[PDB]
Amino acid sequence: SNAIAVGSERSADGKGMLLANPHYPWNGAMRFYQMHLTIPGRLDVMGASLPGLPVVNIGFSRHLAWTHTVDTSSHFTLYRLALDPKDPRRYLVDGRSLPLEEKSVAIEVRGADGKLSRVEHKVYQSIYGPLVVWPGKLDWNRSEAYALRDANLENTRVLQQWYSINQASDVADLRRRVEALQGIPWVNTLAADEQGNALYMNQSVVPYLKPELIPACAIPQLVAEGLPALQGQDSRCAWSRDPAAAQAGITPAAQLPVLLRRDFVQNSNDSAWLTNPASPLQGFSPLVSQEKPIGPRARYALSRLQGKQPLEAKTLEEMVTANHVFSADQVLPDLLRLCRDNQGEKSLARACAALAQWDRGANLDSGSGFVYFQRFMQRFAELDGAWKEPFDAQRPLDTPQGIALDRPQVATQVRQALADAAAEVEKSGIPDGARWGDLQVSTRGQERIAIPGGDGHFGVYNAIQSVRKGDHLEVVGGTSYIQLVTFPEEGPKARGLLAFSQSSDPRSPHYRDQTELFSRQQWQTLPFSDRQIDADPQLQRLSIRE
């Protein structure tokens, strides 16, 4: 997901502006749905929501627009159990042996013959929660097991939280409402208001451990691999309690990252750290936010956002619709010169030609160079010390950069990587005259619609994830509900689309209508005022009661 909030100091109109570009599945239980909700006099909000949830998840109201992105904070901890040496169904806390609880669930299963069988399954639970097994990493043997404590299992506030957000007036009110309830499970919140405030909040439900306990309570090897793992044999490693927190064992709001500015804030799924590089967010618990290298989507956004120039609505729109493969900026110049050094190489010719002709984009009309680039990058990612300029914490916006071609081994390995990528591409048997839009599609009935965009890991702001199905790449997730909100005098102006359309049902008139538009990248008014709604020639009305 991407989010950009722009304030009074940077917007062309001196007022707030928000780009919401959440990246979600195109099917299933997290498929967004557009709706506008009004209880006249006290609720008037529009945006998108998730299946079965009667509140707006991402949206806007008269003076406010907000969105969310998945954060990097932990929302659970694993606990390594020290098992009772005499009994692997018992575990030690402060040297005292405790029994696991056994909870059986019963499931009905439909067999080939069409009849139901009952299956019973035992779920083992510790004081922390259920045991979990990852064979070869988190085993359950005679020495240890792992239990999982999920912080959101006790979060009964989640629905109230979004209902409250839906009632928020401006950025200050939104901040108050979220900090007061702490009901947001696992996302950042970014927002802008008419007065030109831009807000970033890493305000979610995060396990709390006081600073002094982290060194002793962490499992070092597992934490080093990105898992929030704690010592479950020591009662002192229970989540800490702080009366200010809305829920026992979670981090109080004052200790979670917030940035309130009048220029901009952004997030593309990295930590709070470089939300705005002018004001870095630092000194938080590692369970909350770490100073880790930013992904290429964020690096891309910051490269377009840094500076003094006014930001227009058009600018933010074009950051999505340009489909620029930003990762090419760091590697493609040096790759092309390797290509020019190896023109006598038969196995490289087609790749090098396709890469040289490529527009560095993931547009419908982008050439096969994008495919060659993707397969090369999957191999480049595996090489050691291949960056000319490796990540520099002092230069977090401009590194890593370039290929270390002057180093003999790197040159060999990068050439081999390109040779192997080219082999993979040409083995797939697709023609060279084929463009990206000929490959990446969304099926609608028996028909297919070409879809622009590409994987977020290659720095395409318009992130689209796809998989091989038949002869094409079938879109499964990415750019979903798009909303770009400004605040001119008459009321909020919202512009966007729901990429996959309102209805998942092939029979609906709204199964593919916005998907055709998404393909052509033609965003539309999201009508919010009675005037805008009334102006729509497609307007239909039904009143219902029982």
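In case it trips you up, residue 1 is the first one in the sequence shown, and so on.
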item: Stretch exceeding the other in mean C-alpha B-factor - 514-522, 30-38; value: 514-522
item: Segment of higher mean CA temperature factor, 142-150 or 442-450; value: 442-450
item: Most elevated Cα B-factor in the entry, residues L98, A82, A191, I403; value: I403
item: Largest Cα B-factor, entry values, listed residues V187, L287, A423, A248; value: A423
item: Where the record places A386 (Cα B-factor, split into thirds across the chain); value: highest
item: Within-chain third of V178 by Cα B-factor, per the entry; value: lowest
item: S74 - which third its CA temperature factor falls in, relative to the rest of the chain; value: lowest
item: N462 CA temperature factor, ranked by third within the chain; value: lowest
item: Record-listed C-alpha B factor of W358: chain third; value: highest
